[PDB]
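Written out below as structure tokens is the structure these notes cover.
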Amino acid sequence: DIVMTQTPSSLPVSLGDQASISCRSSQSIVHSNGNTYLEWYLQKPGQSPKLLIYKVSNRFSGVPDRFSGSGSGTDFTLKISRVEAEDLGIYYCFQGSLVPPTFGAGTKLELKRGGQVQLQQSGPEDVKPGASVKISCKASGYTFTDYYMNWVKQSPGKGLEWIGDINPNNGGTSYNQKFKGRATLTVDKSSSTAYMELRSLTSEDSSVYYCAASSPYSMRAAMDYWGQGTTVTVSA
């Protein structure tokens with residue numbers, strides 16, 4: 001099993017200064033075919049996490065060129081020069097190269113002190129120990145059947161985790177073995193919706209849930225979301 005190590009946990013940098021974040025895997029994440037799928041995501045506190053970099057060094061559309069990072073094998077290094085206030089947030093490295101795709105521990109980018117397409121999600125859910133939940137994700141503004149649908153669990157405590165993915169065509173679900181398919185990804189192409197179910201609910205199961213959507217990143221689809229999210233609280 002592959003583990004992702006993100007360094008450092010937190011970093012202070014004043015405006016304009018260089019910024020560098022190292023992501024070191026357990027071993028080579030180079031895909032057998034000869035590609036390498038590694039992404040850089042930015043979580044702006046109180047918003048949708050969105051994609052910055054896909055496929056090693058390739059920048060996502062609409063992203064400033066001051067964001068650039070490279071690497072191979074294990075080592076991958078993301079640099080940001082000319083830091084502004086919109087560059088602020090907690091960054092995550094993500095490998096989709098080997099199943100299960102894993103995330104980094106995140107790095108809060110903070111400051112030194114001194115001197116239209118979108119996917120709607122269901123409302124927040126309050127639940128009891130073991131009750132189910134069906135989370136609905138409705139796509140708007142793009143071709144639904146084009147993109148795979150990943151799901152991602154987010155806690156302040158246990159960070160980011162990949163739930164599982166599904167192919168809109170054949171219901172091509174592939175689930176994280178930690179989740180053991182105890183959750184279920186379904187797709188109704190009629191209204192273009194991707195639901196998600198889960199039964200057993202513990203304290204640790206309490207989290208926010210996002211539905212991963214958007215591409216290109218050649219000859220594979222659907223990495224970043226890039227949408228609202230749904231707060232699920234397990235109430236004792």
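The chains in the structure tokens are called A, B, ... from first to last as shown; in each chain the residues are counted from 1, and the ligands are counted from 1 in the order shown.
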
Which residues of segment 64-162 of chain A come within 9 Å of segment 174-187 of chain A, and what is each one's closest atom pair and distance in Å (one decimal), counting only C-alpha atoms, sorted by chain and residue number, as a tab-separated table?
residue	atom	partner	partner_atom	distance
A:99	CA	A:176	CA	8.0
A:100	CA	A:176	CA	6.1
A:101	CA	A:176	CA	8.5
A:149	CA	A:185	CA	8.8
A:151	CA	A:185	CA	8.7
A:162	CA	A:176	CA	6.9

Neighbour list for segment 89-96 of chain A as a PyMOL selection string, cut-off 6 Å, only C-alpha atoms, skip fewer than 5 positions in-chain: chain A and resi 37-44+101-104+106-109

Please produce an output containing C-alpha atoms for each residue in the selection, written as a PDB file, in the first residue's frame.
ATOM      1  CA  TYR A  37      -0.603  11.500 -12.214  1.00  0.00           C
ATOM      2  CA  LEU A  38       0.070  13.984  -9.427  1.00  0.00           C
ATOM      3  CA  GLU A  39      -2.002  17.026  -8.598  1.00  0.00           C
ATOM      4  CA  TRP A  40      -1.791  20.183  -6.543  1.00  0.00           C
ATOM      5  CA  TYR A  41      -4.969  21.444  -4.901  1.00  0.00           C
ATOM      6  CA  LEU A  42      -5.707  24.621  -2.968  1.00  0.00           C
ATOM      7  CA  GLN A  43      -8.227  24.681  -0.155  1.00  0.00           C
ATOM      8  CA  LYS A  44      -9.310  28.248   0.509  1.00  0.00           C
ATOM      9  CA  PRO A 101      -5.266   7.215  -4.829  1.00  0.00           C
ATOM     10  CA  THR A 102      -3.906   8.957  -1.734  1.00  0.00           C
ATOM     11  CA  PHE A 103      -3.665  12.506  -0.373  1.00  0.00           C
ATOM     12  CA  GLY A 104      -1.017  14.462   1.520  1.00  0.00           C
ATOM     13  CA  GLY A 106      -1.783  19.293   3.706  1.00  0.00           C
ATOM     14  CA  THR A 107       0.216  22.458   4.272  1.00  0.00           C
ATOM     15  CA  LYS A 108      -1.365  25.606   5.641  1.00  0.00           C
ATOM     16  CA  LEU A 109       0.103  28.534   3.773  1.00  0.00           C
TER      17      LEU A 109
END

Determine, counting only C-alpha atoms, which protein, DNA and RNA residues have an atom within 12 Å of an atom of residue 219 of chain A; residues of the same chain fewer than 2 positions away are not included. Present the result as a PyMOL selection string. chain A and resi 33-37+55+147+215-217+221-222

For the residues selected in the previous step, produce a file with C-alpha atoms as a PDB file, in the first residue's frame.
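Everything below was put into part_23.pdb:
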ATOM      1  CA  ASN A  33       2.158   3.339 -19.067  1.00  0.00           C
ATOM      2  CA  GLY A  34       4.770   6.059 -18.592  1.00  0.00           C
ATOM      3  CA  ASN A  35       2.679   8.907 -17.257  1.00  0.00           C
ATOM      4  CA  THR A  36       2.638  10.287 -13.722  1.00  0.00           C
ATOM      5  CA  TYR A  37      -0.603  11.500 -12.214  1.00  0.00           C
ATOM      6  CA  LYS A  55      -0.079  15.785 -14.332  1.00  0.00           C
ATOM      7  CA  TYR A 147     -16.390  12.890 -16.456  1.00  0.00           C
ATOM      8  CA  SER A 215     -10.571  17.272 -16.074  1.00  0.00           C
ATOM      9  CA  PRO A 216      -8.705  17.155 -18.844  1.00  0.00           C
ATOM     10  CA  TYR A 217      -5.327  15.624 -17.666  1.00  0.00           C
ATOM     11  CA  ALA A 221     -10.730  11.955 -16.743  1.00  0.00           C
ATOM     12  CA  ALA A 222     -12.292  13.713 -13.747  1.00  0.00           C
TER      13      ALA A 222
END

Taking into account only C-alpha atoms, which residue in the set A:152, A:117, A:232, A:163 is nearest to residue 49 of chain A? A:152

So which residues touch residue 81 of chain A within 9 Å, counting only C-alpha atoms, skipping near sequence neighbours fewer than 6 positions away, as an MDAnalysis selection string? chainID A and resid 15:20 66:68

For residue 157 of chain A, please output as a CSV table (one decimal) with N, CA and C atoms, in the first residue's frame all residues within 10 Å (counting only C-alpha atoms; exclusion window: fewer than 3 positions along the same chain).
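To be explicit, this is the file written out as part-v2.csv:
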chain,number,residue,atom,x,y,z
A,154,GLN,N,-13.8,14.6,4.0
A,154,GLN,CA,-13.0,15.7,4.6
A,154,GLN,C,-13.4,15.9,6.1
A,160,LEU,N,-8.0,14.7,4.4
A,160,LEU,CA,-8.7,14.3,3.1
A,160,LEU,C,-8.4,12.8,2.8
A,204,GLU,N,-16.1,9.0,13.9
A,204,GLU,CA,-15.1,9.3,12.8
A,204,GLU,C,-15.7,9.5,11.5
A,207,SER,N,-18.2,14.0,8.8
A,207,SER,CA,-17.3,14.8,8.0
A,207,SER,C,-18.1,15.6,6.9

Please provide the set of residues having any atom within 12 Å of residue 127 of chain A, restricted to only C-alpha atoms, with same-chain residues fewer than 2 positions apart removed, written as a list in words. residues 124, 125, 129, 130, 131, 132, 133, 134, 198, 199, 200, 201, 202, 203, 205, 206, 207, 231, 232, 233, 234, 235 and 236 of chain A

So that I can see what lies close to residue 195 of chain A, please list as a PyMOL selection string the residues with an atom at most 6 Å from it, counting only C-alpha atoms and leaving out residues fewer than 4 positions away in the same chain. chain A and resi 135-137+186

Going by DSSP on the backbone, which residues of segment 28-201 of chain A come out as strand (DSSP E or B)? List them as an MDAnalysis selection string. chainID A and resid 30 36 38:43 50:54 58:59 67:71 75:80 89:95 102:103 107:110 118:121 125:127 133:140 149:155 159:166 174:175 183:188 193:198

Could you give me the residues within segment 20-224 of chain A that DSSP places in helix (DSSP H, G or I), as a VMD selection string? chain A and resid 85 to 87 144 to 146
